[PDB]
């Protein structure tokens, strides 16, 4: 009754997937832990099974990866870049089937699944160039006959824990950068996206093996919280990049700090869009729609708070409602479908609870609010007005398509309301005012890691660094100098002079 055994889903075998798949890769494939079945959220049918990592699997994989690092760290960074280039090409070859798997197992629509693989392809191209560039300055020493250089070297083993919402691209961001920086990687993806993790690992493994490199350079140990906690506690995991909930990520950060490791934390968002009175409303409405209902509201960068100037609030809300009602719902792989299911049945439960807590806290559901009567985890995208900006349910991240709409009047108050939540990921204003734009970008503006103008809160490109502040965890991924998080800086002074130190009254020999 598995989908991978039906003729309609035969394309799954193009990714090398079968009925029961090995979920551990360290140069050899295996898995002696619990066997997990993952389900298609569009119909709740089982897709295939994955043999997860036992503790012994984890132990042997970490040892094999660090052994492989001895080889990988001796490979010049530009030649490491060549490997990442080939990974990029291998992803290009499978972009459609891999994107389809993302839609099938995770549940986002096909263009977003394909677009997510593109992000990995993109960062591969970026990292290839970066592999000729990473380093530090040679600085002028104040000492005659001395050189002063800043060196950068790999940290060693980078553990990468990822969430269900971006089950390819977040790993890819960490993988391409960590790789060209000379690290080996160990991946534990979200258990409900295990087939995606296995499929991505198969693509990378072939490139490694085809280049006669040890496969443990890009190791995989599928598992749940047990394997993730072990990574957080493991002194052999030199850097732990964690992407997920603030609640779990706070414990991961503490465990890593306890052992003086390095952590890279990419945690929750509660992202606000602010529409000022001079906003182009033909930009505001489609932008708010995509940011709120894209990926069925399950992006870290999803717009969950919509602030609209009181003069235009009612008009925007009425246009947004008319917009929501035109969204095409269906199977995420089907043509022209813009809205699919939530990732889990539990997510449907959380969705309903938040809607009820909103009405209790004084909110009015003006669109949606209910589960859809159809197979899968489909709920209606939801718009709630009338809450106070500081209502509890508005300050918590609910990973579901619920948009809280607030009125405002004053720029200073609404900037403060953007910043008042514990999260600090993304933020957008819609305005034409030149000075307001530069205030929003300045020290009294948005406190978030992503600070946008006249575009939504979601859909970043790879050239810049990606991440957030406050409870979002502080880590950065992808562009700018995010690579430095994957390496260790040393400040190096070389005395090449024959000059002796000042004897200071001591008679040396």
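Residue numbers count along the first chain shown, from 1.
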- Going by the B-factors listed in the PDB entry, is the mean over the C-alpha atoms higher for 86-94 or for 68-76? 86-94
- Where do the C-alpha atoms have the higher mean temperature factor in this entry, in 170-178 or in 357-365? 357-365
- Query: At the C-alpha atoms, which of 392, 192, 153, 428 reaches the highest B-factor in this entry?
  - Reply: 392
- Item | Identity of residue with top Cα B-factor, from 239, 205, 383, 230 | 383
- Note on the structure: Split the chain's modelled residues into thirds by Cα B-factor; residue 334 lands in the highest
- Would you mind checking where the Cα B-factor of residue 481 ranks among the modelled residues of its chain, as the lowest, middle or highest third? lowest
- Going by the entry, which third of its chain does the Cα temperature factor of residue 13 land in? highest
- Query: Among the chain's modelled residues, which third holds the C-alpha B-factor of residue 37?
  - Reply: highest
- Among the modelled residues of its chain, the C-alpha B-factor of residue 244 falls in the third labelled lowest
